[PDB]
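First comes the structure, then the notes that go with it.
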Amino acid sequence: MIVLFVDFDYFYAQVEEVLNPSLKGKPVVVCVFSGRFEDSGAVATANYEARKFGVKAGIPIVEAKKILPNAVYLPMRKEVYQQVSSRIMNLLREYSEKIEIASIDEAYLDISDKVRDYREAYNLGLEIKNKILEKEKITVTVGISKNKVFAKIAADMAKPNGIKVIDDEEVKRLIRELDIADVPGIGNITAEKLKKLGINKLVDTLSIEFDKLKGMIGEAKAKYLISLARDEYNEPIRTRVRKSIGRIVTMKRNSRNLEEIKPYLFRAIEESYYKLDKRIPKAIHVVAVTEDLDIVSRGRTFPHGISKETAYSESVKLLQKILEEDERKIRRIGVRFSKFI
DNA sequence: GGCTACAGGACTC
DNA sequence: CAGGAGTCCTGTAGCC
Ligand SMILES: Nc1ccn([C@@H]2CS[C@H](COP(=O)(O)OP(=O)(O)O)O2)c(=O)n1
Ligand SMILES: [Ca+2]
Ligand SMILES: [Ca+2]
Ligand SMILES: [Ca+2]
């Protein structure tokens with residue numbers, strides 16, 4: 001198989017520049033303002049000019065400002081970025097019927113039936129890059145390899161505005177050398193453990209006893225790493241169908257008083273229903289982010305679709321459950337709907 | 001034993 | 001000083 005993965009560069013920030021070219025050359029930080037106080041909130045992303053200096057997704061806005069007080073801080077305008085994203089995805093659809101839209105920012109294309117080899121694949125990549133540039137003036141990075149994992153890794157290595165191929169031989173190389181923490185799906189926790197029995201690289205999962213790997217990280221993850229190490233990983237590029245839709249908001253102050261939380265919970269329900277559009281869910285979960293930043297949830301599944309009215313009453317019951325079984329105070333509250341008809 | 005629901009864990013962008 | 005959205009896996013307990 002030949003997979004070509006596309007990753008839009010610093011997407012949110014770049015869209016902002018496209019819309020306001022004077023931002024070009026400046027550090028731009030896209031933020032999610034929470035409303036608690038002057039600049040409370042976090043960074044969603046930032047462009048290369050801000051990133052070179054340590055401004056990264058997730059850090060507090062206030063901290064980012066300590067680092068770059070004269071950078072341009074803009075509020076996230078997701079609806080805008082989604083519109084630009086949709087237009088770009090449609091352009092990619094022209095290069096292949098088998099396409100997987102992984103997120104607002106990434107897409108995987110199985111171009112096996114399009115090119116006979118990596119030379120042609122690379123050229124196809126150039127072609128896509130230029131098309132996107134000429135139509136939307138957005139730069140992207142292309143990664144090409146035998147499966148999704150290594151195509152993604154390829155682009156991680158080449159961004160921004162790059163393109164890169166990883167042949168069978170580098171796959172083998174990578175398997176020996178590549179930091180196993182740099183493998184998609186391996187986070188700090190998990191990595192700690194694999195760079196905890198000398199597994200420091202993919203190849204190491206092959207020699208370790210299996211029940212050992214699996215005792216640390218679980219069966220699915222071990223299998224996954226092993227399959228990659230054997231260079232036998234294969235996952236089909238398939239149309240992604242949304243499985244849940246929800247909304248979560250940060251409350252002005254923490255609380256565990258029901259009447260004080262309700263308004264937030266209710267607004268989250270309203271916005272969620274809106275996004276549902278024509279989908280009818282049978283399951284509803286109320287999600288709470290506690291004062292220590294821990295996540296708790298309670299859900300219920302019905303044998304029929306959930307009306308907005310049933311959503312309202314059922315959410316209050318689930319929220320009560322949360323409160324009555326966790327003595328912590330809540331900081332963020334939302335709902336997530338799933339199991340669509 | 002293995003399938004279901006549910007709740008927590010971990011990861012990704 | 002810590003926002004928003006979405007996915008997959010796993011432990012536990014009921015049930016066949
Ligand atoms: N913690 C995060 C991480 C990422 N994002 C969003 C999701 S889509 C948007 C894309 O930004 P970039 O292209 O700058 O991110 P990278 O592709 O470089 O990782 O980043 C976000 O909102 N919060
Ligand atoms: Ca990305
Ligand atoms: Ca990106
Ligand atoms: Ca990692």
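Throughout, protein chains are lettered first and strands after them, A, B, ... in sequence-line order, and every chain is numbered starting at 1.
The NZ-P distance, from A:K282 to B:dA5, rounds to 8 Å in whole Å. Going from atom CG of A:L318 over to atom P of B:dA5 covers 16 Å, rounded to whole Å. One interatomic measurement links the two molecules: CG of A:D326 to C1' of B:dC6, which rounds to 16 Å at whole-angstrom precision. The distance between atom CD of A:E291 and atom P of C:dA2, rounded to the nearest whole Å, is 15 Å. In this structure, A:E271 atom CD and C:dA5 atom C1' are separated by 13 Å, rounded to whole Å. Between the P atom of C:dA2 and the CD1 atom of A:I61 lies a distance of 8 Å, rounded to the nearest Å. When rounded to the nearest whole Å, the span between CG of A:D292 and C1' of C:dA2 equals 12 Å. Here B:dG9 presents its P atom at 15 Å from NE2 of A:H285, a figure rounded to the nearest Å.
Contact annotation: A:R300 does not reach the phosphate of B:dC6 (side-chain N/O to OP1 or OP2, under 4.0 Å). For C:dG4, the OP1/OP2 oxygens have a side-chain nitrogen or oxygen of A:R332 closer than 4.0 Å. At B:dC6, none of the side-chain N or O atoms of A:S297 fall inside 4.0 Å of OP1 or OP2 (strictly under the cut-off). Contact annotation: A:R298 reaches the phosphate of B:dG8 (side-chain N/O to OP1 or OP2, under 4.0 Å). When the side-chain nitrogen and oxygen atoms of A:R336 are compared with OP1 and OP2 of C:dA5, none of them lie within a distance under 4.0 Å. Distances shown here put a side-chain N or O of A:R331 below 4.0 Å from the OP1 or OP2 atom of C:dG3.
Nucleic acid contact class of A:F37 (heavy atoms, under 4.0 Å, all strands): sugar-phosphate only. Nucleic acid contact class of A:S40 (heavy atoms, under 4.0 Å, all strands): sugar-phosphate only. Looking at heavy-atom distances under 4.0 Å, A:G58 makes contact with a base. Among the protein residues, A:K275 comes within range of the sugar-phosphate backbone only, with heavy atoms under 4.0 Å from sugar or phosphate atoms but none that close to a base. Backbone-only engagement by A:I245 is indicated by non-hydrogen atom pairs under 4.0 Å involving sugar-phosphate atoms exclusively. Among the atoms of the strands shown, only primed sugar atoms or phosphate atoms (P, OP1, OP2) are found under 4.0 Å from some heavy atom of A:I248. Residue A:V289 is out of contact with every strand shown, counting any heavy-atom pair closer than 4.0 Å.
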Do any N or O atoms of the protein come closer than 3.5 Å to N or O atoms of nucleotides 10-13 of chain B, and which pairs are they?
{"from": "B:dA10", "atom 1": "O3'", "to": "A:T190", "atom 2": "OG1", "distance (Å)": "3.3"}
{"from": "B:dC11", "atom 1": "OP1", "to": "A:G187", "atom 2": "N", "distance (Å)": "2.8"}
{"from": "B:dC11", "atom 1": "OP1", "to": "A:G187", "atom 2": "O", "distance (Å)": "3.1"}
{"from": "B:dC11", "atom 1": "OP1", "to": "A:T190", "atom 2": "N", "distance (Å)": "3.0"}
{"from": "B:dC11", "atom 1": "OP1", "to": "A:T190", "atom 2": "OG1", "distance (Å)": "2.8"}
{"from": "B:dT12", "atom 1": "OP1", "to": "A:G185", "atom 2": "N", "distance (Å)": "2.8"}
{"from": "B:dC13", "atom 1": "OP1", "to": "A:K152", "atom 2": "NZ", "distance (Å)": "2.6"}
{"from": "B:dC13", "atom 1": "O3'", "to": "A:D105", "atom 2": "OD2", "distance (Å)": "3.3"}

Residue pair A:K159, A:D7: steps toward the salt bridge (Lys or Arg N to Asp or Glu O under 4.0 Å) verdict:
CA-CA 8 Å; A:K159 78 192 41 172; A:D7 187 308; 3.3 Å; yes
For A:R116 and A:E120: C-alpha separation, side-chain torsions, deciding distance, then whether salt bridge (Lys or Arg N to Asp or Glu O under 4.0 Å) applies.
CA-CA 7 Å; A:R116 321 196 304 116; A:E120 284 196 73; 3.8 Å; yes
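A cation-pi geometry, defined here as NZ or CZ lying under 6.0 Å from the six-membered ring centre and within 45° of its normal, does not hold between A:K282 and A:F340. Figure legend: A:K148 and A:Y108 shown as a cation-pi pair, the cationic atom lying under 6.0 angstrom from the six-membered ring centre and within 45 degrees of its axis. For A:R300 and A:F302, the positive end sits near the middle of the six-membered ring, less than 6.0 Å away and at most 45° from its axis.
Rounded to the nearest 0.5 Å, atoms CD (A:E291) and NZ (A:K329) are 6.0 Å apart. Here the CZ-OH distance, from A:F11 to A:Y81, works out to 9.5 Å after rounding to the nearest 0.5 Å.
Residues A:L206 and A:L178 are members of one and the same hydrophobic cluster, defined by side-chain heavy-atom contacts under 4.5 angstrom among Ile, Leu, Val, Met, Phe, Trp and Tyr. In the hydrophobic clustering of this structure, A:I88 groups with A:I111; members are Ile, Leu, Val, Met, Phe, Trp, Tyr whose side-chain heavy atoms approach within less than 4.5 Å, directly or through other members. Hydrophobic clustering, with ILVMFWY side chains joined whenever heavy atoms are under 4.5 angstrom apart, keeps A:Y73 apart from A:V15.
The side chain of A:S34 sits closest to C:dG3 out of C:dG3, C:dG6, B:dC6. For A:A44, the side-chain atoms get nearest to C:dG3 when compared with the rest of C:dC1, C:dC8, C:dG3. Minimum atom distance to the side chain of A:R238 is reached by C:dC8, of the listed B:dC6, C:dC8, C:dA5. Here the nucleotide nearest the side chain of A:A220, chosen from C:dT7, C:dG6, C:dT10, is C:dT10.
In this structure C:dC1 sits in no base pair that meets the Watson-Crick or G-U test at under 3.5 Å. Pair assignment for C:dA13: B:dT4, on the basis of Watson-Crick or G-U wobble contacts that are both within less than 3.5 Å.
In this structure, A:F150 has its ring center no closer than 6.0 Å to that of A:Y233.
Contacts with DNA chain C (heavy atom under 4.0 Å) in residues 73-82 of chain A: A:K78, listed by number.
The only member of A:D39, A:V29, A:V32 that meets side chain to side chain contact (heavy atoms under 4.5 Å, CB included) when paired with A:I61 is A:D39. A:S297 pairs with exactly one of A:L318, A:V286, A:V287 by the side chain to side chain contact (heavy atoms under 4.5 Å, CB included) rule, that one being A:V287.
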Which parts of nucleotides 11-16 of chain C does protein reach within less than 4.0 Å, heavy atoms only, written one letter per nucleotide 5' to 3' as B for base, S for sugar-phosphate only and - for none?
------
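Environment of NZ in A:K56: sparse, with no more than 12 heavy atoms of neighbouring residues, nucleotides or ligands closer than 6.0 Å.
Nearer the 5' end of DNA chain C, as judged by each residue's closest nucleotide, is the contact made by A:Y12, out of A:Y12 and A:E219. Heavy-atom distances to DNA chain C give each of A:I59 and A:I217 a nearest nucleotide, and the one nearer the 5′ end belongs to A:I59.
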